[PDB]
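[1] in their complex positions, the first chains:
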Amino acid sequence: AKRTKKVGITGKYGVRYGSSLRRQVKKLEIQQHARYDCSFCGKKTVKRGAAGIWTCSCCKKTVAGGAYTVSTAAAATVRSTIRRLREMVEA
Amino acid sequence: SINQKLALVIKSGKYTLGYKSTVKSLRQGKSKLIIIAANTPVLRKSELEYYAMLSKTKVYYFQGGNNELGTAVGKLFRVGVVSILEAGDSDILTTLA
Amino acid sequence: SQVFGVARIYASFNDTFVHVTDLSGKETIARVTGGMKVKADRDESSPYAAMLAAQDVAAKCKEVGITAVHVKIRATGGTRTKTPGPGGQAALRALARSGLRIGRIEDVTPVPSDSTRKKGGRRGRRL
Amino acid sequence: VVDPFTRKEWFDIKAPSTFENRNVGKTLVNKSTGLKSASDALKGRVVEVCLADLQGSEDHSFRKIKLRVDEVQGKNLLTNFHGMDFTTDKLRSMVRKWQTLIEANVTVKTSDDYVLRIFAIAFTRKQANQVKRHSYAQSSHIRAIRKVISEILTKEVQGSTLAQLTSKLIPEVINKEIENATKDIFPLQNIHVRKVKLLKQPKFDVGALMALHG
Amino acid sequence: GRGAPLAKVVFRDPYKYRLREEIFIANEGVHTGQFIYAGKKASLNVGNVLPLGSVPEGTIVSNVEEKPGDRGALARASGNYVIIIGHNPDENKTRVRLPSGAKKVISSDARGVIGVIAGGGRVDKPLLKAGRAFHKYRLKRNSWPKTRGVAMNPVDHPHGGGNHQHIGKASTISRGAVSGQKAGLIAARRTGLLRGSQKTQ
Amino acid sequence: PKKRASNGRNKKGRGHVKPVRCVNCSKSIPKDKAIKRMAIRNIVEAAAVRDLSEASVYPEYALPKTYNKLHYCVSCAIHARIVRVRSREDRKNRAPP
Amino acid sequence: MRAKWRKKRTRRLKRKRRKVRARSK
């Protein structure tokens, strides 16, 4: 029963603010509201509550993350660069 | 593969899925092998590993989350520990495992 | 027998360099180029100027301590012409005929595993 | 009103051991004054000389060698392994049309812990009686050949440092064992180690360094 | 009023039977229950705190001290981090690149924490309406909203006054200006739309 | 009409190759369509050989020439190197000389 | 005039009638 050709959650903002500005918000709200896969128990029960604070429905783990998505791109690359460099200490 | 073996065990042998039942197996000495999820927490791990060594049961740590171990045994839910009770035509007991 | 150094001749078009250095390189010994021995810009790379410059080079060469030298000829290279300049041979000719010694020489032009877009534009230099 | 030559401290370059003439070259420094002496400053230079220029025999016209200066003593400074190149003219010859090229390389550690990466280039050969004009491998050939070369190169190193690794390259033992395992797969010609560079020397260890000296 | 989450990290007390709790700025990926290691001879994983000495170059580090033992100072805002780019073993320094891009050299005894700070991208979302700005500063300080000096009277501002709204004189103001003079672009060495790429060389 | 069965130059079963730059004017030009001259010539020259080996160490030495591949762009290949222009018949002849 | 430039010619010309017509939307 498709409700909006294109505004999705951004439809709350009515005609205000100008399309381009609403677009940007729509991207980050779709991000910041979705349920995410939990690393520790594999259930898709991680949700946000306050920027950078993602925690788990069941299992009750809280992981410090990005402001509107659990893993920021840059920290992810940082991860593997700590991966990489640490390897040079045992081997 | 390791999953190719499990797929045989699945269609010709006996197995139980999940934590509590495989402890009924580990104590009964019925378990011939237990497969452990990557992300299943260390406490449960360490326990299963202690119950195992108390029954001389070998332990194969699956390098996959409890979700993919669920497709490994071909069940549409997740599983964080399998217990081999009978290995059918497969050889998992007497190969690399 | 002789005391050895390293010659190194960069003969592009529009100029020609000759400067012997210590066989390690880190220490020079006298430069002088084909530009210095003439003034016409247009004439900064002709073999005559390269000769006179090889002269002025060999002179201090045999006047400091180096009696012999290995040479390393070299074009502009990079993404450039990769072909030697006119006054490269004229300088080699003018330093063996000078009276110094010659010992085993190779070409050290920087040739790439090609890239960095050559200049000039896709339509080339059209004139 | 200076002329740095009328001031230049002078010096001569000594070579290592497993070759021919331990006397190599000449250099220029600057007098060892208090604050900036001739010693600790430079020395540690690098001079490249064709090994036929230091082995005498011309069956080594290519194969340039890079030496690096480490220690100094009374107008006499030694030098140790720092690299091995190839002449440009040689490869620029070698690589002829109508045939296949094959390159391979690997990074490896030795005994006395120098970490280095060596190379290895080799070209297919026409076999005597061929009528077709080109003679190329079969890709699947080149994968086998690289893997073998790689297996052989990883073996010939981690032996007794460069010293013995150098003692292996000088008579090109590697080139011939490559040739041996290779001929089962595909002809090939030339076949050299071409390049080998340093990238992780261990530590000074002056006692071990002096092992090529007498 | 902080962009990035904090993280309470409990420790034992070496000298008395008790727990002592600290308040860290949570680096990204840090999770409740995780163990955090803090010391010279500690390993190189996100969340641990290690002196700038003990990390190879390219390590990425947050909340790093200026002086050893000032308990953190650089890169603390949601998303920032410092990169180590080199060490001086004799005179034990380390050289780092701060979030601004300035390169600074500090003692290697100065400590940082492995990773970046949580809450990245907080600024990518448009505030979108006055009220969200309003609430933003409600929890910060009384700096909102702002009136343009060019809407004031000359009594109120250097920009104040005129029958049209205009600065009247250059809005670049000397470093040696005086309180009451410095409104505009203080000590600006250039001005106008930054054309081309920025980025320190 | 068409004045070359090989079109610009030689390519059948590709549709796209890869441009190379012209050693003269730096013009991009597809590799198959290039025109290429192997420039192998002595480091020295005609006259320098005697005075070379004269003022030279070693028995006659060895002498190592320089090899470098050249690339021209038709226009630059016409302006100098391999061209003339040939009769309508003399065109089809791929005999090197 | 070159066909491509004559293409850009009317390419513009249209884009300006585009403007002009919107004056009366």
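    The structure has been received and is ready for your questions. Residues are numbered from 1 along each chain as shown, chains lettered A, B, ... in the order given.
[2] does anything pack onto the lengthiest helix in chain F? Which helices or strands?
    Counting residues, the longest helix in chain F under DSSP state H turns out to be helix F:48-54. Contacting helix F:48-54 under the criterion 3 or more Cβ pairs under 8 Å, 6 or more residues apart in numbering or on different chains; DSSP states H and E are the following elements: helix C:89-96. To be clear about C-beta, it is placed using only N, CA and C from the backbone, and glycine gets the same treatment.
[3] can you list the strands that the lengthiest strand in chain B pairs with?
    Counting by DSSP state E, the longest strand found in chain B is strand B:81-86. Strand B:81-86 sits in its sheet next to strand B:14-17 (antiparallel), strand B:33-36 (antiparallel), going by DSSP bridges.
[4] CA atoms only: put the last one into CSV for me.
    By that I understand strand B:33-36. Taking Å, rounded to 0.1, in the frame of the first residue of the first chain, the C-alpha atoms of strand B:33-36 are listed here in CSV:
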residue,chain,number,x,y,z
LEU,B,33,31.7,-34.7,19.2
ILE,B,34,30.5,-31.1,20.0
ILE,B,35,30.8,-28.2,17.6
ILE,B,36,31.0,-24.7,19.2
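[5] would residue G:21 count as being in a helix?
    Yes: checked against DSSP: H, G, I helix; E, B strand; the rest coil, residue G:21 lies within a helix.
[6] show me what residue of chain G gets nearest to chain D.
    residue G:4 (41.0 Å; Cβ to the nearest Cβ).
[7] distance from the strand or helix carrying that residue to the middle of the chain?
    In the assignment (DSSP states H and E), residue G:4 maps to helix G:3-22. Offset of helix G:3-22 from its chain centre (Cα atoms, centre = their mean, to the nearest Å): 1 Å.
[8] got the contact list for that helix?
    residue G:1 (Cβ atoms under 8 Å, 6 or more residues apart in numbering or on different chains).
[9] chain center to the longest helix of chain F: distance?
    With Cα atoms, centre = their mean, you get 29 Å for helix F:48-54.
[10] here's RNA strand H, drop it onto the model above:
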RNA sequence: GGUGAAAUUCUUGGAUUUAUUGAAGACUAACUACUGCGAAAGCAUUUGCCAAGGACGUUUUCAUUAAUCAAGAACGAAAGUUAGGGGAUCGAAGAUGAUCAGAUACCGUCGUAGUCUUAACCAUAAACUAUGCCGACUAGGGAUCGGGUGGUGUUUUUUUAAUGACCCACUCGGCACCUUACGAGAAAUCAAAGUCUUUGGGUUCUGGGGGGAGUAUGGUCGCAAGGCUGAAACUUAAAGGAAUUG
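    Adding RNA strand H to the chains above:
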């Protein structure tokens, strides 16, 4: 330094040259060819992993399941747009040095965007073989790529082999060239552009003198630039093709 020649430019800040190191982004030289692969766009460093494909082999299996296709859909160079990153190189814009009568250019310098990547758009190229697909038939030749068959063939040594590469004959399926021209064409040319007034294998698409014009208008798609669809009034006797001689 740079050019036909020069100038703008760089140089106690020792430039250019040199040596030793390090950093970044791009790229894949030679090998590279009338050679490969892919529906096309397109695709050359190593290796590992992931799925895929043609040809061949086939005394396997199925048994008409197929050919070609309005609508509809997947992919689609380069530039261009949105949001991050990246931003070494080269470099639309712009500013300059010269040149010129002029010179908004050509050449030189600085160099914004771009060039690279990720998530999205855009859907066009002389996107070319300017040449629809499936099927049959019609003519000689030497090369070559992949598969296969035949050999008391060569070279590899060991103890003969086995292998591997190589040689010769054959046959499939390729990318091509050569000579022919029974035949075709207006010709250039063409093993199809042939088997066509002795006019019919199946099927898709397009064109109907030149301009006007891919313009106007509507519909549709796009953020935009634009894409698809797409007339008419009027004007005009030529426009055009291939070849010949000058």
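[11] residues near the closest residue to chain C within chain B, how many?
    Using Cβ to the nearest Cβ, the closest approach of chain B to chain C is made by residue B:63 at 38.9 Å. Here the number of neighbours of residue B:63 (other Cβ atoms under 10 Å in any protein chain shown) works out to 11.
[12] do the host helix or strand of residue A:31 and chain E meet?
    Secondary structure from DSSP H and E places residue A:31 in helix A:19-33. Yes: Helix A:19-33 lies within reach of chain E by Cβ under 8 Å from any Cβ of the partner chain, at A:21, A:24-25, A:28.
[13] what about the closest residue to chain E within chain A, distance to residue E:118?
    As assessed by Cβ to the nearest Cβ, chain E sits closest to residue A:52 within chain A, at 3.1 Å. According to Cβ to Cβ, to the nearest Å, residue A:52 and residue E:118 sit 4 Å apart.
[14] in terms of neighbours, single out the busier of those two.
    residue E:118 (31 against 28).
[15] which ones are touching the more buried one?
    A:52-53, A:64-66, E:4-5, E:25-30, E:78.
[16] if we can go back for a sec, remind me what the helix holding residue A:31 packs against, helices and strands.
    Using 3+ Cβ pairs under 8 Å, 6+ apart: helix A:19-33 touches strand A:46-48.
[17] so what's the gap between the strand it packs on and the chain middle?
    With Cα atoms, centre = their mean as the basis, strand A:46-48 stands 8 Å off its chain's centre.
[18] so is it next to chain B?
    No: for strand A:46-48, no contact with chain B is found by Cβ under 8 Å from any Cβ; the gap never falls below 13.6 Å.
[19] now do the same contact list for the closest residue to residue D:205 other than its chain neighbours.
    In space, residue D:205 comes closest to residue D:112 once its chain neighbours are excluded; the distance is 7.9 Å by Cβ to Cβ, 6 or more residues apart in numbering or on different chains. Shown in contact with residue D:112 (Cβ under 8 Å, 6+ apart): D:160-163, D:202, D:205, D:208.
[20] farthest pair in these?
    In those, the most distant members under the criterion Cβ to Cβ are D:160 and D:205, with 14.8 Å between them.
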